[PDB]
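Next up: just one chain, as structure tokens, the form deposited in one PDB entry.
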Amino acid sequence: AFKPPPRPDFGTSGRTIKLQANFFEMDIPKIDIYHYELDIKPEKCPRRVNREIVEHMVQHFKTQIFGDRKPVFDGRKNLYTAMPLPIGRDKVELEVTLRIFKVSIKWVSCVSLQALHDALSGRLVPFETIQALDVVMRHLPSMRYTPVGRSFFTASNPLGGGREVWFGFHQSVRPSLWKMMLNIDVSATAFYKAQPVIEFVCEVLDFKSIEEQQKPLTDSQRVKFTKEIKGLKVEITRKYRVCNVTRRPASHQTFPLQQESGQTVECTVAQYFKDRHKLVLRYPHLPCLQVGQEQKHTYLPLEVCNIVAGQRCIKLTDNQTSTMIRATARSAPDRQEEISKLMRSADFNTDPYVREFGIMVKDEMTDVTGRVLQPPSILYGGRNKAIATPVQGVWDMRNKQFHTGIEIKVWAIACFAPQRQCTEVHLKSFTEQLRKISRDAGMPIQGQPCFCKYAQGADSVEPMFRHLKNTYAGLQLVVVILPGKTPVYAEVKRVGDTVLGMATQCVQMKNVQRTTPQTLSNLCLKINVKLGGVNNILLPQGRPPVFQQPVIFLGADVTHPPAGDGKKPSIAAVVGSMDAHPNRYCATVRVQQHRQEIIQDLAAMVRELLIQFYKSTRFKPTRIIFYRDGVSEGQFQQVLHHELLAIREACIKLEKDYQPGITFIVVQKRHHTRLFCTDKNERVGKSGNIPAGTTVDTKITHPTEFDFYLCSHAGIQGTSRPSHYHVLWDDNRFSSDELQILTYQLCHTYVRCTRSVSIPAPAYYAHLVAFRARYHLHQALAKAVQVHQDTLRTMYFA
């Protein structure tokens, strides 16, 4: 439970394909870099100010300290030079005036670039050296741009609610098999528009003019406004940070003011701003922003506050994201060209600081040979046992029937939309069409619905659902019609998943009025699996040799609430395959610590899944294949330590000598690696992306460890994100080919569509399970996420 295994070999399966990646080769000298620590006082200043402190410091003490050397600075404590500063072992205390700062500089260590080169050829990598290079490369942009994480942005594209989309770029230095790579990609994120809070109030509460609201805010408006502006920074027309919005208006909101006599008296914010600042508040009927430490009693009228510029958005409305998707999505060729322009304007080979450290960057994207793996055949059932062959990551069910289709004889309909909007003739036409498609799909819905009624309100779900279970023997499914985004869906799922063991399929009102065969087909995919059916399976004989013994595939993911909201738990989910196909999955879900990435109760969850596997297959797994999603590189050792041990603990707690081989694989979508076709003829579709199944385990991958990118999906729009897979542990001694082929085939087992998806089904299912828990809304939280015994064994999350 310690160190990731070395790369066992290089893959050779699949037809070769010429690719380019947004990785640019770095030529780096074998010199020593000199690392100096900077403890400046005050020590809590923003990184920008720190950079300014250091900026003036270098120039101010050019004569006696720095000379002609051009140091780089990380914004905190670390400063690097290509040559040693004439300060030896001893610390030097300096003054910096901008307003006064006590800056101390002391040498710490020599960063050996020679030691890095050798790490890039076995000797299995020092984090410190890579970090230092990163500081060198991003020193100038950190002064020339607004740094946001590993990205850089400038002000130019609204989204609504005071939001704007800024265009910038991501930059990071990365290790590879022989050289350092510079990873560059275009970036885009939502920022709050810098504007007066009064106008923020308008755009949030949809006012064309603040004058429309001549009166104090309703309890509804204030709550909505509080939600948006909380945690955001503001400035005086001095920078503050909003922690709440007052219930009372500025004309009546008071605070204790100490008069010069010594006695303290309550004074209104409005009266204070009149006496102290000679300002008659224009909108004294509006509330104040509570900034500071709550205990500060610091209230600011809205009309004297502006949203500070450069604030990144941390949940977007569905209209905002749609607009954001629209403006940010662009074809792979177009994105590739944008990155080229990015490199051109960056002009690294003239950057004074990277020239100081003798660094050079290649202007062309790295050439990589990819491999297009062969897709698996998909076996269907019914009369003619049709075999589907994925083409460009896609297949269909035409002249095919489910492997094991569920005969639906008893089923009901509930409609939570107006009877005028979704009339009886809609239901009749919808039902008739649904039966025909289901008939052709091998999931024959025999006969009309045994029940059909109208309703409205989330309070109607349960008692209606209370009825149906008792009155109709063998009730299989209850179709639910919903009028757009109505917070009743969450209640349909609560009752259907938790209180009663009842399968429920929701469908929007619009998809009932106007039905299409394709929509109905996809609806049948979800229904069949929800009732325990098997839509299809991998062609058994086309499976990798891992299936020669009983094996269980696990998918794990944890979803976090908005940072800083607090008091909201993270949701961990683990799913496990329950047959040899593999098709059916059982789910486990837990609430845990806010923003905790480690799955706390993993041992218990894995135990439950092993038990169910044995009950379903009468076999104990000889191998556990664990696909872990939602983990960054900086967390690998922490996650691997706790979670590999937890998996082991589950096995031991089950039976003393039970030691199946564990393969631990982290799957990552959140990265800035992009692959492009070198040959135009290899571009797929209008988006011109790489084909489904393209694999790369060379050139841009880890120099010693077992990792690969796999674009398992076809790109519909924008530029495809190839998934990255990093093997943190492997008792089973997979070859490169078998593991890559295995991952790829698992991307074809996802039951909600006849498409190869971007991550293996179990990892995807884990996401769905965790997301379903969000709709389920400390012991109560754990109870509210707990699923019915009936539902416990089903795929309700589909």
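Take the two forms, superpose them, and find the largest set of C-alpha atoms that agree within 1.5 Å; that set is the rigid core. Residue numbers here begin at 1 and follow the sequence given.
Participant: In a third or more of the other compared PDB entries with flanking residues modelled, does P582 go missing?
Facilitator: Negative; every one of those entries includes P582.
Participant: Counting only other entries that model residues on either side, is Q259 absent from the coordinates in at least a third?
Facilitator: In at least a third of the comparable entries (those modelling both sides of it), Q259 has no coordinates.
Participant: According to the PDB entry, how many deposited residues between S156 and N157 are absent from the model (none, 1 to 3, 4 to 9, 10 or more)?
Facilitator: Gap between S156 and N157: 4 to 9 residues without coordinates.
Participant: Indicate whether the chain is continuous between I210 and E211 or, if not, how many deposited residues are absent from the coordinates: none, 1 to 3, 4 to 9, or 10 or more.
Facilitator: Gap between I210 and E211: none.
Participant: Comparing 640-648 with 525-533, where is the mean C-alpha B-factor higher?
Facilitator: Stretch with the higher mean C-alpha B-factor: 525-533.
Participant: Comparing 303-311 with 713-721, which stretch shows the greater average C-alpha B-factor in the deposited entry?
Facilitator: Here the higher of the two C-alpha B-factor means belongs to 303-311.
Participant: Looking at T264, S577, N319, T81, which one carries the largest C-alpha B-factor according to the PDB entry?
Facilitator: Spelled out: the listed residue with the top C-alpha B-factor is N319.
Participant: Looking at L728, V368, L609, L427, which one carries the largest C-alpha B-factor according to the PDB entry?
Facilitator: Highest CA B-factor of the listed options: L427.
Participant: In terms of the CA temperature factor given in the entry, to which third of its chain does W166 belong: lowest, middle or highest?
Facilitator: Its C-alpha B-factor belongs to the middle third of this chain's values.
Participant: Could you tell me which third, lowest, middle or highest, the C-alpha B-factor of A780 occupies within its chain?
Facilitator: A780: CA B-factor falls in the highest third of its chain.
Participant: Of the three thirds of its chain by CA temperature factor, lowest, middle or highest, which one includes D74?
Facilitator: For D74, whose C-alpha B-factor we compare with every modelled residue in the chain, the answer is the middle third.
Participant: Using the B-factors in the PDB entry, rank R772's C-alpha atom against the chain and give the third, lowest, middle or highest.
Facilitator: It belongs to the middle third of the chain when residues are ordered by C-alpha B-factor.
Participant: Using the B-factors in the PDB entry, rank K193's C-alpha atom against the chain and give the third, lowest, middle or highest.
Facilitator: Middle third.
Beyond the structure shown, there is the form deposited in another entry, which is absent from this document and is the topic of what follows.
Participant: Where does the C-alpha shift reach 2 Å or more between the shown form and the other one among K686, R276, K428, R398, given a fit on the rigid core?
Facilitator: The listed residue whose C-alpha shifts by at least 2 Å is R276.
Participant: Superposing on the rigid core, do we see a C-alpha displacement of 2 Å or more at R247 between the shown form and the other one?
Facilitator: True for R247: a C-alpha shift of 2 Å or more.
Participant: Superposing on the rigid core, does the Cα of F191 end up 2 Å or more away between the shown form and the other one?
Facilitator: The answer is yes; the displacement is at least 2 Å.
Participant: If I superpose the two forms on their rigid core, does the C-alpha of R163 end up displaced by 2 Å or more between the shown form and the other one?
Facilitator: The answer is yes, as the C-alpha of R163 shifts between the shown form and the other one by 2 Å or more after core alignment.
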